[PDB]
Ligand SMILES: NC(=[NH2+])c1ccc2[nH]c(-c3cc([C@@H](CC(=O)[O-])C(=O)[O-])cc(Br)c3[O-])nc2c1
Ligand SMILES: [Ca+2]
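Numbering (mature numbering (1 follows the signal peptide of the UniProt record, and there is no 0)), first residue to last: 7 to 229.
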């Protein structure tokens, strides 16, 4: 997260860190046994770390659980990143509490101008790599479809939306992929891509979760 602030330990209880010997992507806890992340974060050997704040120090409240299966969306296109969503089932359920809690799925999509909270342990520099130890947060608004398409002509599908600042300086970045975009207490987006990080006129692009609610419910139900 570039231009964000320290969230404060466990203030984002649905945030998870996907770890393969190091933090590589974020995700969101949607129930005690399932996490939603981005399909481009897929790999085997994933350990899901819940209740984290400082990813380099065990401070308490952490729960490390291996992933049992990862289900990448069948129509995921790695070239366009269309349908960049994946579900991870945990080997055992997490113990939910105030520090580890699930976030609700939306019932309607959000409108442009809705303010949302984006968080993660991704790069904090738009020029160079600087990965923080603790969780960073950023408040960003959803942009209109015309501004999004003007910014990324021919690259935005109906399963994506832009959120951010056209003036640059504040944005999600590499390492934040797979993490949550929460607006009014509902998970509306998944950090997916962008051109560089926090560059002027190049806002972040997110997977539009409201278009996948039925798929998520059907898939969880049958697995
Ligand atoms: N501006 C944003 N809102 C944004 C959000 C998520 C991103 N995830 C990434 C991202 C970048 C890489 C690098 C690879 C490297 O430097 O080693 C690449 O371009 O392939 C890789 C991943 Br995988 C990302 O998720 N860039 C991102 C940019
Ligand atoms: Ca820790």
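Virtual Cβ for every residue (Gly too), placed ideally from N, Cα, C.
Rounded to whole angstroms, the Cβ separation of residue 7 and residue 142 is 4 angstroms, and the two are in contact under 8 angstroms. Per the Cβ contact rule, the segment 122-129 is not in contact with the segment 106-113 (fewer than 3 Cβ pairs under 8 angstroms). The residue among 122, 76, 189 and 61 with its C-alpha nearest the C-alpha of residue 51 is 76. Taking all protein chains in view, the Cβ of residue 11 is surrounded by fewer than 16 other Cβ atoms within 10 Å, so the residue is classified as exposed. Considering only 215, 49 and 13, the residue with the shortest C-alpha distance to residue 166 is 215. Taking the CA atoms as reference points, residue 17 sits about 10 angstroms from residue 57.
Straight-line measurement puts the Cα of residue 139 at about 16 angstroms from the Cα of residue 67.
With respect to the 8 angstroms criterion, residue 175 and residue 9 are classified as neighbours on the basis of their beta carbons.
Under DSSP, residue 37 shares a beta bridge with 40. Within the same chain, and ignoring the five residues on either side of residue 199 in sequence, the residues whose Cβ sits closer than 6 angstroms to its Cβ are 87 and 211. Residue pairing by DSSP places residue 213 opposite 166 and 196 in a beta bridge.
If you ignore the 5 residues before and after residue 91, its C-beta comes within less than 7 angstroms of the C-beta of 42, 44, 45, 79, 196, 213 and 218, all in its own chain and listed in chain order. In this structure, residue 40 and residue 162 do not form a Cβ contact; the two beta carbons are roughly 28 angstroms apart against a cut-off of 8 angstroms.
Within 7 angstroms of the C-beta of residue 36 there is not a single heavy atom belonging to ligand 2.
By the Cβ rule, the segment 147-154 does not count as touching the segment 96-103, because fewer than three pairs are nearer than 8 angstroms. Note: residue 95 is bridge-paired with 40 and 75 in the DSSP secondary-structure output. Residue 110 has 192 as its beta-bridge partners, per DSSP.
With 16 or more other CB atoms across the displayed protein chains lying within 10 angstroms of its CB, residue 130 is buried. For residue 29, the CB stays at least 7 angstroms from every heavy atom of ligand 1. Contact between residue 20 and residue 34 is confirmed by a C-beta separation of about 5 angstroms, below the 8 angstroms threshold. For residue 226, the three-state secondary structure derived from DSSP is helix. Ranked by how close their Cα comes to the Cα of residue 61, the residues 32, 84, 83 and 48 have 32 in first place. DSSP lists 142 as the beta-bridge partner residues of residue 12. Residue state for residue 177 is assigned as strand, using DSSP reduced to three classes.
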